[PDB]
Ligand SMILES: N#Cc1ccccc1C[C@@H](N)C(=O)N[C@H](Cc1ccc(Cl)cc1Cl)C(=O)N[C@H](CC(=O)NCCCNc1nnc(N)[nH]1)Cc1ccc(F)cc1
Ligand SMILES: N#Cc1ccccc1C[C@@H](N)C(=O)N[C@H](Cc1ccc(Cl)cc1Cl)C(=O)N[C@H](CC(=O)NCCCNc1nnc(N)[nH]1)Cc1ccc(F)cc1
């Protein structure tokens, strides 16, 4: 029993974190085989950040301008290239701790574990969702940039996020590991605004199923809804539209609990219209949207507590 | 910016998790140097669990009855002993991945990271507090027993919890790594009840300071309280009494924010008496009590956002 925001075990990623320094700028990098990946704005000085021309900045650099430190050993940079907003530093030593890995670009609504790092040393691990507006609500301080987000599947690490900046509103923006930003953002020190965010409906439904699996049913009701009528309520409360694909993805949880997806939608509709009236679900007084259906299946029992 | 429940990086503990099997009972063990630590009820059959005499059960066992598996290698048990409710299996191989470590018995109100494991394989990491009634609100399924809780300080792992059982109410009970239960519990399969729980007042205050550091002040007020008058309100709302020791521990956070501890107590009093009126603090609609003052200092900026 129980239900917690649960990160993946971080050891396979810990062994890949390094420190990258150029001039007086230091941030984190990801060392896989003989390549170190890091945000390209490491090459900027504080004045370069306002409006940098990165190609003009990088051509003025040499391999030996980059200082890469893995624990207490320096790695010699023997080549460098830029791929979108990530810098790739070829080093003379392959990381002996390289896990099986993939780079993946995730969809909004998906979750991942963040290994927050400072000066190449891991400090903590927590779970994040990619918001519909392509920000994440992380916990990051100066020096965190280059920290990565990941999922793990049978000892393969799928890296999906590299941290690049905190926006003026205090939420966070970054790239896939091939250097493409999530969302409309660019890597320059300008005040950039995210689009208006929405609540991840399929995730709230997954979390309601988690609550039922764990033995709680107080929010259920005898009603059902059509998909169309549910989405009319969803729009009113700034929830993302629920698609038939979402309904299909919730199939297994519906089958395990015996609660049809559109019946759980009717529960959610009632919760949105009436509130919780002082009650909690899985210890929360708000409707939680940062658990995917996969996250629920991963953590909850495979048999519902009746 | 941001504030999340943040676990310690788990790699140093991952390399210590093994599987222990006796008869048809399999659970997790902790492999440090040439000793494997695990819950002693691994030696019980399903019938032994009702009321076991562990000394009588253990004297009937031989070293070779214990099967210890570390990944895909078997460790030979060359001795065994019982220390309170933990079994210590001496094996013929020292763990090459043993971190610097200590065993510590924590006080209620302290937090730790849990590495949830099944069949000796880590599955997830999350943060827990030891409740005032000496349970934890974990997330655990069958096979999790022997999973450990820990804190890390400058590459030293302080192990403080080993998981032994889920109570009828779905909360969790366990021991320190020397086998002494937290709370009044015993390791037998009987319905055991925890004492009535309370809210960890010093932790709620720490979390209010975290909110101020992150830039939010809406809950502050112009009032102050005496310690005695605050604790009269604390008792009404099932909060633990606040001691002068707690006030001292909050000293650094008070100094960083410029908010006296007894002034923050007056904010908390108003929040308890009036509720939040539809507002949130650090994204929560409830008052959070599973962040210690240390947890806040560890994660938040050292300079308040004014
Ligand atoms: N993670 C992180 C982090 C956090 C703090 C400091 C440093 C870092 C890592 C570091 N690498 C980082 O992100 N630096 C960026 C600057 C940067 C470097 C490089 C590139 Cl390519 C792009 C960028 Cl934008 C940075 O300084 N951003 C600040 C963070 C801030 O001041 N936050 C407090 C207010 C939160 N909002 C709030 N609080 N309360 C209310 N009600 N609202 C916001 C900003 C301000 C002007 C601006 F024009 C753009 C952005
Ligand atoms: N972690 C964990 C875990 C979770 C499930 C299964 C297995 C494990 C690990 C495994 N090692 C474990 O803990 N087994 C224990 C049995 C045990 C083994 C050895 C020793 Cl020394 C001591 C003990 Cl007690 C066990 O089966 N406990 C069940 C768990 C249960 O059935 N939970 C569903 C209800 C939650 N409550 C609720 N849900 N909804 C509402 N409103 N209330 C509770 C119980 C039931 C009778 C009883 F007499 C004592 C305790």
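By Swiss-Prot numbering, chain B shows 3264-3569, in order.
Header says: X-ray crystallography, 1.5 Å.
The backbone N, Cα and C atoms fix where each Cβ goes, and this holds for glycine too.
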Selected residue, Swiss-Prot feature ubiquitin cross-link, from candidates B:3353, B:3499: B:3353
From recorded positions B:3268, B:3304, B:3353, the one whose Cα lies nearest residue B:3408 (active site, nucleophile): B:3304
Against chain A, in sequence order - recorded positions B:3268, B:3304, B:3353, B:3408 with Cβ under 8 Å: B:3268
Residue pair residue B:3268 (ubiquitin cross-link), residue B:3353 (ubiquitin cross-link) - Cα distance, angstrom, rounded: 36
Between residue B:3353 (ubiquitin cross-link) and residue B:3304 (active site, for 3CL-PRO activity), the C-alpha gap once rounded to whole angstrom: 17
Position of peak Cβ density within 10 Å, selected from the recorded positions B:3304, B:3353: B:3304
Recorded positions close to ligand 2 - of B:3268, B:3304, B:3353, B:3408, only those whose C-beta is under 6 Å away: B:3304, B:3408
